[PDB]
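Trainee: Based on what follows, work out the 3D shape:
(one chain, ligands or ions: 1)
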Amino acid sequence: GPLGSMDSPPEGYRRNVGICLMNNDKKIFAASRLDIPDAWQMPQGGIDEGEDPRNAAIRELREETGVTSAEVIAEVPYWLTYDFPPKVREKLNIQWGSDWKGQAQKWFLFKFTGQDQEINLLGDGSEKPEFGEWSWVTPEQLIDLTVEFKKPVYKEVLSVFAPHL
Ligand SMILES: Nc1ncnc2c1ncn2[C@@H]1O[C@H](COP(=O)(O)OP(=O)(O)OP(=O)(O)O)[C@@H](O)[C@H]1O
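Mentor: Numbers count the residues shown, from 1 in each chain. I have put the structure below:
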């Protein structure tokens with residue numbers, strides 16, 4: 001069958017955690033890039049120095065979106081690992097200044113229990129704004145927004161969170 005997970009953080013990939021948030025309409029919180037038009041994605045982070053995923057995610061979320069009214073409804077039993085192209089990799093190495101093939105992250109489903117006013121793409125006054133906009137999309141739509149190298153990594157999250165969406 002499908003093979004796009006990881007029951008353990010492999011080598012080359014840096015610690016990371018994803019936060020899959022959904023709306024009362026059963027949509028998935030998708031945010032557009034602040035540098036790439038039409039580039040949508042979900043809030044994620046490379047975990048904190050010696051931080052547990054579930055925490056880094058719940059934390060990272062309030063850092064990337066600042067969403068305070070959100071609770072976990074699901075958690076992918078495995079880790080999601082992806083890779084970047086020779087332009088992104090080669091670019092990150094200089095822009096980000098890191099030498100990694102990708103990032104293994106354990107996506108966690110979060111049910112929004114607040115108001116659209118809580119959604120702050122900037123962050124909780126910690127990190128700098130990464131997204132410029134956001135919208136609600138179905139697990140199939142968000143999949144259409146995601147990129148080829150991030151399709152499975154996402155579909156996995158949704159797939160695992162299907163019963164919740
Ligand atoms: N949909 C996309 N289309 C084109 N390039 C993309 C897309 N999504 C990501 N990228 C490229 O990949 C880079 C990083 O990929 P990704 O968004 O998966 O990682 P990340 O958000 O940097 O990870 P993190 O912030 O957790 O450390 C982007 O800066 C961009 O160059």
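Trainee: Helices of the chain, residue ranges please.
Mentor: Ranges of helices within the chain are 53-64, 86-95, 141-145, 151-160, based on DSSP state H.
Trainee: Now tell me what touches the longest one from outside.
Mentor: It refers to helix 53-64. 15, 17-19, 21, 31, 43-45, 47-48, 51, 67-68, 70, 72, 75, 105-108, 110, 121, 123-124, 126-127, 130-131 (C-beta atoms under 8 Å, 6 or more residues apart in numbering). For every residue, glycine as well, the C-beta is placed using N, CA and C.
Trainee: Would you mind measuring from the closest residue to the ligand within the chain to residue 33?
Mentor: The ligand sits closest to residue 147 of the chain, with a gap of 3.3 Å, by C-beta to the nearest ligand atom. Distance, residue 147 to residue 33, by C-beta to C-beta, to the nearest Å: 11 Å.
Trainee: What of residue 78?
Mentor: 27 Å.
Trainee: Could you do residue 132 as well?
Mentor: For residue 132, the distance to residue 33 - C-beta to C-beta - is 7 Å.
Trainee: Pull up the residues of this protein that are close to the ligand.
Mentor: 16, 39, 41, 44-46, 84, 88, 103, 147, 150 (C-beta under 6 Å from any ligand atom).
Trainee: can we see that at 5 Å?
Mentor: Residues of the chain lying near the ligand by C-beta under 5 Å from any ligand atom: 39, 44, 46, 88, 147.
Trainee: Nearest spatial neighbour of residue 136, chain-adjacent residues omitted?
Mentor: Distances taken as C-beta to C-beta, 6 or more residues apart in numbering place residue 27 nearest to residue 136, at 3.4 Å, with adjacent residues excluded.
Trainee: isn't the one you found right next to residue 134, touching?
Mentor: No. In this structure residue 27 lies outside contact range of residue 134 using C-beta atoms under 8 Å: 10.7 Å.
Trainee: Could you pick out the longest strand of the chain?
Mentor: Secondary structure assigned by DSSP state E gives strand 13-22 as the longest strand of the chain.
Trainee: Show me what counts as buried in that one.
Mentor: Along strand 13-22, these residues count as buried under the neighbour rule (16 or more other C-beta atoms under 10 Å): 13, 15-22.
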